[PDB]
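To begin, one chain is listed below as structure tokens, in the form deposited in one PDB entry.
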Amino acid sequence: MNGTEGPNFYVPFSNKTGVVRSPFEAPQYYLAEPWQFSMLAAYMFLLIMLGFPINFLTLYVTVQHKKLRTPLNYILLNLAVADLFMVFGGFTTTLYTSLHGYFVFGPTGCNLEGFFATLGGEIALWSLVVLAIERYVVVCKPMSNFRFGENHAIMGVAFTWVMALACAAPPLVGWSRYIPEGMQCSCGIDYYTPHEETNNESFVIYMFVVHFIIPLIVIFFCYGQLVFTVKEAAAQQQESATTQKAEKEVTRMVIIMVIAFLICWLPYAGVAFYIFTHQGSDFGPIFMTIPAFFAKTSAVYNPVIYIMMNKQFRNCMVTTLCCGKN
């Protein structure tokens, strides 16, 4: 036995020496040296200093550049807002708590920081799915005589919020729960304890199938059809050097988007699957945060891939950052 249970938490450290304390009441310097909490605070500072400007500037240039306010760009703005939910609802709170050594805001603040951190990551998750669906519908033209408009773009954003609420609200009402994870400074969905009072097992399964398998299949199918459509069109039009460049660029971006999506959620998939299955084991609190590293950093590199590598957005941002001329 290598954990300590409480009414609303689970510290991954044995209490056979009597030093384990509540993560809501006292610093947790027995599961990690104080400098590791400082490095945890240092990494939260990095995500804030990089994640906020790049994501805020995306909303700013859209206000300034009329050509960016198109329906196909709504879901990109929804991506920037979701990243900001991760920055302020999660990153800033964790920077604060890590400087204390424990989660100072108690169980109520744990549900708050856990709801908005899960909501932010899920909106960004499903925004990448909706973006693939729209790009597949627009380019592959799978429906007969259909034009993507403003009402379809709004429903695409509303669909992400509904999927995120269908993913962060259940822990607040008794399906799974929010508890401090790893070094006990940030809160998330419980998959380290089989808390039968809230049915953690059926939620983790519903979490894995509906909110990871379904998104992964949809993204692979849509972008798979897109690369097929583009390569087919260019093959039937090899006299156009521009169409040959487009086929290469589109293929290169699809590989980058799919690989980045895997780097984001696959470590969180397997490592949390192992912690869930091989439960009650001697999970290092440092080992807990290995999947959280790749997923949380997506608040920084999703804007780089989906905004900064977009020609229309990058030109408007260079103009705005360079005082108005470039």
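Start at 1 with the first residue shown and count on from there. We call the rigid core whatever largest set of C-alpha positions still superposes within 1.5 Å between the two forms.
What comes next is about the form deposited in another entry, which is not displayed.
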Hey, after the core superposition between the shown form and the other one, which of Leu77, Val104, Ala234, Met163 has the C-alpha moving 2 angstroms or more? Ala234
If I superpose the two forms on their rigid core, does the C-alpha of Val19 end up displaced by 2 Å or more between the shown form and the other one? no
After fitting the rigid core, is the C-alpha of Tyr178 off by 2 Å or more between the shown form and the other one? no
Once the two forms are fit on the core, has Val254 moved its CA by at least 2 Å between the shown form and the other one? yes
Relative to the form shown here, do the C-alpha atoms of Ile307 and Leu216 sit closer together or farther apart in the other entry, given a change of 3 Å or more? farther
By 3 Å or more, the Cα spacing of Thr58 and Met253 differs in the other entry; is it closer or farther than in this view? closer
